[PDB]
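# okay, here's the opening piece of the assembly, coordinates as they are in the complex:
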Amino acid sequence: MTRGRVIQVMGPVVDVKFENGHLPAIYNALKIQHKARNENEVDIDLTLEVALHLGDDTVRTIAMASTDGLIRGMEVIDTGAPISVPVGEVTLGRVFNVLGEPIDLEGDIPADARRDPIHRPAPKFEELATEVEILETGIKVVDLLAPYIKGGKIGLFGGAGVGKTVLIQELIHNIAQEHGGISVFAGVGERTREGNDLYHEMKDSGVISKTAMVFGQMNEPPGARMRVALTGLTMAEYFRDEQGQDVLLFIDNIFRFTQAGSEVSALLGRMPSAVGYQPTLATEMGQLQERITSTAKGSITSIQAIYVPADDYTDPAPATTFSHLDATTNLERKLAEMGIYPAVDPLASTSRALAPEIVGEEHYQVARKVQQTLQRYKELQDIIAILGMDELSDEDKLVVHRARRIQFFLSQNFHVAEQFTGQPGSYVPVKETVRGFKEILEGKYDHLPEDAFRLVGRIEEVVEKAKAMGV
């Protein structure tokens, strides 16, 4: 028998002192169970994750739940293994927490089910794949300016209330229905209301029985928010490797992971970084991100939402994660307030897939021309704000006249947004959007009012809306 003893309790950080020669390894899981001896105590059932070795047979740990009621000197039991999570066909159709316990009220998982440790090294250099091909989504701006890569990592950056969740829901509607592989959703630091709504929507749509869901939400202490993403990832890795099946990974607001890490790091004895973050910001992010990769055994395509604090794109947490992505979309509050949705920034958004031989010469030329016109229009803004249109040269007049229409045509009416505006919404193909943008660039619709280009797709709808308005 090898048992510990609680020494210090400082919020979500707990210290355990062990008998000499039996210190647990880092990332192991410790169990605390305690029946109340009298009326001045409360029952405790809690788990811990080892984080450090301080010396003098003392270990610093992070709790996965609230530490209220802990008493100095209580007994701690070690397990000798990291946190283990059930994997396989059992996990399809269930809802889990960070510790792997189902919470869907559908019953309990048998004690003999295979389960795997959360922590593992990243895939090696020789196992990776390099194939690049386009994943059509049916969104005009995404399919034109920054195509999504099948099997790659996709990121969505945005401030508060800009549209990341709506964009993810639209992507789920447009992709998950026909995907045919396996989906897993790992909400991290999001609203339990949104989690419940999404679960009920998937149950109604029948997408469940091929998906798994893991939830560590806002109410949880930072310990659970630091590891819920890893739990979802280790569930997805089984389907990637042991079965060689296509896996679709949705992560909601991955920024909360680093935020929880920052919250915990202060109590661990580390000195603050530039903006109060932990010193280990880059390595902690890299360890998680490097495991979401496509190997020769199978492919994982991951879509991650990334929150941006105070709309500051120079914040270290958004800044460091730009190197881990393949295609990024940057939502903008200025566009969101203007009334253009999904308010994707057309110049900041990038994608590795926008190459002449990957998308085609016509697509490449159209995208480049659109970006050039938008850049010129962005340059003209300062003079426009003071002297208006009346001082511009003849060429710049045309540049503005076409840039306004292109910018408005970049918007679309989503299926998910039907509950907000009542408009049914539409799905457009890549060829159709390319043809429409080429027609606009050629000047075939300079006689139409700019308001006709807004919140429609397929360009024929632009013409019909203009006719309805009376043009």
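Done, it's in. Residues are numbered from 1 along each chain as shown, chains lettered A, B, ... in the order given.

# how's chain A carved up into domains?
Following curated CATH domains, chain A resolves into domains at A:1-82, A:84-352, A:354-471.

# for the shortest one, measure first residue to last.
So that's domain A:1-82. This stretch, domain A:1-82, spans 19 Å end to end (Cα to Cα, to the nearest Å).

# pick the most deeply packed of the domains of chain A.
Of all the domains of chain A, domain A:84-352 carries the top mean neighbour count, a mean of 18, counting by mean count of other Cβ atoms under 10 Å. All C-beta spots, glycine's among them, are computed from the backbone N, C-alpha and C.

# centre of the chain to it, how far?
4 Å (Cα atoms, centre = their mean, to the nearest Å).

# residue A:146 and residue A:354 touch, don't they?
Yes - at 6.6 Å, residue A:146 counts as touching residue A:354 under the criterion of Cβ atoms under 8 Å.

# dihedrals phi and psi, residue A:249?
Per-residue torsions, residue A:249: phi -110, psi 120 (degrees, to the nearest 10).

# any idea how far it is from residue A:131?
Separation of residue A:249 from residue A:131 (Cβ to Cβ, to the nearest Å) stands at 18 Å.

# now residue A:309
36 Å.

# over to residue A:391?
From residue A:391 to residue A:131 the distance is 52 Å (Cβ to Cβ).

# quick check: beta-bridge partners of residue A:30?
residue A:48, residue A:78 (DSSP bridges).

# how close does it sit to residue A:119?
Separation of residue A:30 from residue A:119 (Cβ to Cβ): 15 Å.

# next, the spatially most central residue of chain A: phi, psi?
The structure's chain A has its C-alpha centroid closest to residue A:304; by Cα atoms, centre = their mean the separation is 2.1 Å. Main-chain torsions, residue A:304, degrees, to the nearest 10: phi -120, psi 130.

# give the bridge partners for it, please.
Going by DSSP bridges, residue A:304 forms beta bridges with residue A:155, residue A:251.

# tell me where the stretch 101-250 of chain A has helices.
A:140-145, A:164-171, A:177-179, A:192-205, A:222-241 (DSSP state H, counting those that start in this stretch).

# then chain B, please:
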Amino acid sequence: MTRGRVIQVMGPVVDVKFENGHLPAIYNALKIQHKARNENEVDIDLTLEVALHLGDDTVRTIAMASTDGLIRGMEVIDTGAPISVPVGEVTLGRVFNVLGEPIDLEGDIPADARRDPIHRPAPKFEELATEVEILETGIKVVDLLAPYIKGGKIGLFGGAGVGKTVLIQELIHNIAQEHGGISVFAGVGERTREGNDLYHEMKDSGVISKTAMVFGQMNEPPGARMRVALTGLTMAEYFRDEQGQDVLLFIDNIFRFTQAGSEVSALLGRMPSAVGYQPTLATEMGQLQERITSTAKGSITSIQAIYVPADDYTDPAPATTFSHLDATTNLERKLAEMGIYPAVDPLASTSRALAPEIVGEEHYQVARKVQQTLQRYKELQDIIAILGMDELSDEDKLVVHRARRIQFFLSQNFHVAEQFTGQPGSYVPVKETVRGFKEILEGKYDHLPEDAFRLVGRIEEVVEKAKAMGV
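Chain B, in position alongside the others:
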């Protein structure tokens, strides 16, 4: 004899514990001359400088070379005196490191040569001089707006990659050829490529026979970067005192001194100052700058290049070093981007010799008129950009048209800049500069094209270039 031993090794800072009865005085030089007892050791020949007295017979020191290979317990020999370097005519035509050791592969200095301590108190109040004389340089902007003073302290401010080194090379080529006295160059924290290029330039020109050089060159540790300048200073001080010569002192990037001080302050254990600098910044800078003066025995004129971090003249290092200079030239990137060199700012640059009784009433009038015309031009640059050139009054159009000519004429073609310009370079006297600027102000050359005034020299060259252009 008595010896110490090494207690701690922390980068460039080493702790030494001495036996009771003898503590080295501050700034004394210590030696480590260990030899490898076995295979697992590496021979070391390293020197140390005392910085603090930590208490309990312990000394805090700074290393002059890399501390790799140090072992706790090595014997340290006290020399009982600060670092001493050879002085006299032996130094002429040689290149030395911080410790006064030649590195030119020409033979070692004899062991009986006279040597002087680096550290010494500054000259008294009563020993200073007060006369002022103009030092002709041959550069149009310097000779007109901010004349250099013989026997005074001159500083060349600027950011990174703006022209300080090129300007100082041009000044060397202009004045050191016929200076008729001793010269000293100090390579504090610069590029070894630049140092080698300058050394070979002097070898070609033959000036090496009357000058001495010392190099820290950006790769040696802060211990050496904090003392190479003082080594050069004492080498020049010997000539000023014992022989009464006229000495030119060139120091490259004096900012490296305070940069190294800031690097070592935290390890020394001082509290941090505002921008991360050491608290003793002002006093450390003063104790060095005050030694470079001109006395009754002799006169030393010094030209120092000062690097401005992040193009910000409000940084503490430039802010405090401004007060130590008689004449300054400010370089900024705005004129560099326009392609005009030496890009001396005609406003911020000042000189204490710019007085009617020193340069002449007509010279003063021309300088003041040029300055006020350029100041008036600077104010219109904002309204022009968005109101067009036409909306200005007729007289303001004239002042803009003449100020463009002034600004473009302030540039000059340097002999050194032949690589970057393809032109031989020119030398122009003060009389020609003032007459040409007076004519440009009076408008005798309003018809000539704007582009013909840059990198020319004399107005004869201006008109010849305009004629060759077809006007």
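
# follow-up on the earlier one: what sits against the residue nearest to the centre of chain A?
A:153-156, A:251, A:254, A:325 (Cβ atoms under 8 Å, 6 or more residues apart in numbering or on different chains).

# nearest to chain B among these?
Nearest to chain B among the contacts of residue A:304, counting by Cβ to the nearest Cβ, is residue A:325 at 30.2 Å.

# contacts only, for the residue lying closest to that closest one once chain neighbours are set aside.
Nearest non-adjacent residue to residue A:325, counting by Cβ to Cβ, 6 or more residues apart in numbering or on different chains: residue A:155, 4.2 Å away. Residue A:155 makes contacts with A:304-306, A:321-322, A:324-325, A:327-329, as judged by Cβ under 8 Å, 6+ apart.

# packing partners for the helix or strand that contains residue A:405?
Using DSSP states H and E, the element containing residue A:405 is helix A:394-409. If you count contacts as 3 or more Cβ pairs under 8 Å, 6 or more residues apart in numbering or on different chains; DSSP states H and E, helix A:394-409 packs onto helix A:361-379, helix A:430-441.

# which strands or helices does the next helix or strand after the first one pack on?
So that's helix A:361-379. Next along the chain after helix A:361-379, taking DSSP H and E as the criterion, comes helix A:381-387. If you count contacts as 3+ Cβ pairs under 8 Å, 6+ apart, helix A:381-387 packs onto helix B:361-387.

# relative orientation of the helix it packs on and helix B:394-409 in degrees?
If you take axes from the mean of the first three to the mean of the last three Cα atoms, to 10 degrees, helix B:361-387 sits at 110 degrees to helix B:394-409.

# tell me the buried residues in helix B:361-387?
Across helix B:361-387, burial judged by 16 or more other Cβ atoms under 10 Å in any protein chain shown covers B:363, B:366-367, B:370, B:373-374, B:377, B:380.

# a markdown table for those, including distance to residue A:313?
Below are those laid out as a markdown table (distance: Cβ to Cβ, whole Å):
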| residue | distance to residue A:313 |
| --- | --- |
| B:363 | 53 |
| B:366 | 51 |
| B:367 | 48 |
| B:370 | 45 |
| B:373 | 43 |
| B:374 | 39 |
| B:377 | 38 |
| B:380 | 36 |
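
# following sequence is chain C, add it:
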Amino acid sequence: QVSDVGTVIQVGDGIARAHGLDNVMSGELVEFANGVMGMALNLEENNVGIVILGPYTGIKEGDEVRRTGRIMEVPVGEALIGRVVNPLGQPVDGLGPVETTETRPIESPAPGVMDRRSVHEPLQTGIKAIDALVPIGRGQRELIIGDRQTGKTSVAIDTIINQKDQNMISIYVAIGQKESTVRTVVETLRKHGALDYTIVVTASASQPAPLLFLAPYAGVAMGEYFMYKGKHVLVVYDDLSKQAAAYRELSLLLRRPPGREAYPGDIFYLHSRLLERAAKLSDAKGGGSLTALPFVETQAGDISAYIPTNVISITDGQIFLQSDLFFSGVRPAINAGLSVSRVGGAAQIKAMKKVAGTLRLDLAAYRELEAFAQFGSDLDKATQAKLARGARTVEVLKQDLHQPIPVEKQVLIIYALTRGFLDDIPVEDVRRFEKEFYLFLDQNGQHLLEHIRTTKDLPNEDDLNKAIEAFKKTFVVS
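Once chain C is put in with the chains from before, the structure reads:
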């Protein structure tokens, strides 16, 4: 067997404190029980600060640390060419071990002032803008700086590819990157055939911060082994900002007090040590050389930031890449106003120098004149001519991706531009004009290319004019 042995006190976040090790040298190598190597940095009186160079999940308090008696070292040799390898010299490509036979210290003094020779020979990058405005010579170090997604990696890859014919060895060091990205770069190099003479050193984001901190030093140590034998080496540091971040993390974990923006005070010393080893050795040293192209990633194009200025003050020149130029159709988007080369002229061949000595200054003046004269329509004849020439030059400098161009053709096209033979072609036709000109030179005027390649000087100016006019007669405006 006999060896001085210490014991571990604290473990966490890749940093270990050990007790004992009386005779450990500063900057030495130590190995734990698992065989994971470690580095000793802080030699405190009571304990030693050990930096772990591997997965530290297997190290527990109370383990024993064994001295090794060696400074940090990496394997070197010709056996590394064509391999992807860790900073420790351990292969990751899975093609078996590397049969190296000697090592070099990772902390070595740079060549002195009396060891070097001034840069005098060119390094052709195959890119017109770089080769004409900011030339790079062997032994020079040039910084590439810009925002994310601008073209730094592509410029480096093209530069490495173009060195196929010259007797030059390339080293590509990836710091803090993503493994799939590194594999993609390796695949592109293999496809274009550059793996026969290049070495790839990778330290991905999953690796502990010490390996990211050590990777560039390992790369330069591998390079200078070839340099000192008379070879010529090209080294590319994929990101020094990542190294700076890793060093900051390591120092903060070692509880060293921070400075500006939590950076340790010695970041300038770190970068100066890393970059000062590039040199052009004199004839007494064999005449070898090593050139470096470090990368720096800014935020929102702020060239006036701490790390950007610190790196800029060290290197010889900088190539500044602008997002505005990138999205306006100008690629590779060299901002000639801020770009500069401190070794210009001496790093260009005679013909290239005498043709394009003034191009950078003329382009900066044209940029300023375009900014100013935009504020009025009543323009003079000279201003109109300068604007036309500047627009044509800007159109000329554009270049596609993975399309290297020999210098003997770059000099011809730039000569045709600067001598006024392009004054009448519309600005929209210059790209096709250049394409047709190269096609016509491939058949007629081949002796011009032979003369340029042999003598490195302009041919007789009459033949140039005759050939250009002959091409212009058959050239037709679209």
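
# so, the buried residues of helix B:361-387 revisited with chain C in the model?
B:363, B:366-367, B:370, B:373-374, B:377, B:380, B:384.

# do the same with stretch C:428-444
In stretch C:428-444, counting by 16+ other Cβ under 10 Å, buried: C:429-430, C:433-434, C:436-437, C:440-441.

# quick check: phi and psi on the residue positioned nearest the centre of chain C?
In chain C, the residue lying closest to the centroid (Cα atoms, centre = their mean) is residue C:293, at 1.9 Å. Main-chain torsions, residue C:293, degrees, to the nearest 10: phi -130, psi 80.

# got the contact list for it?
Counting by Cβ under 8 Å, 6+ apart, residue C:293 has contacts C:141-144, C:156, C:159, C:234-237.

# that one pairs with what?
Beta-bridge partners of residue C:293, as defined by DSSP bridges: residue C:236.

# ok, back up a step: in CSV: the contacts of residue C:293, plus neighbour count.
Below are the contacts of residue C:293 laid out as CSV (neighbours: other Cβ atoms under 10 Å in any protein chain shown):
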residue, neighbour count
C:141, 24
C:142, 27
C:143, 23
C:144, 25
C:156, 21
C:159, 24
C:234, 25
C:235, 27
C:236, 24
C:237, 28
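
# just the residues you listed: which are in helices?
Counting by DSSP state H, the contacts of residue C:293 place C:156, C:159 in helices.

# ok, the buried residues of helix B:361-387 vs residue A:404, which is closest?
Proximity of the buried residues of helix B:361-387 to residue A:404 was ranked by Cβ to Cβ; the top entry is residue B:384 with 28.4 Å.

# quick check: nearest residue in space to the closest one, chain neighbours excluded?
Nearest one to residue B:384, counting by Cβ to Cβ, 6+ apart, is residue C:375 at 5.8 Å.

# give me every residue that touches whichever residue of the stretch 151-300 of chain C sits closest to chain A.
In the stretch 151-300 of chain C, the residue found nearest to chain A is residue C:205; the distance is 3.1 Å by Cβ to the nearest Cβ. If you count contacts by Cβ under 8 Å, 6+ apart, residue C:205 has them with A:282-283, A:285-286, A:289-290, A:323-324, C:176-178.
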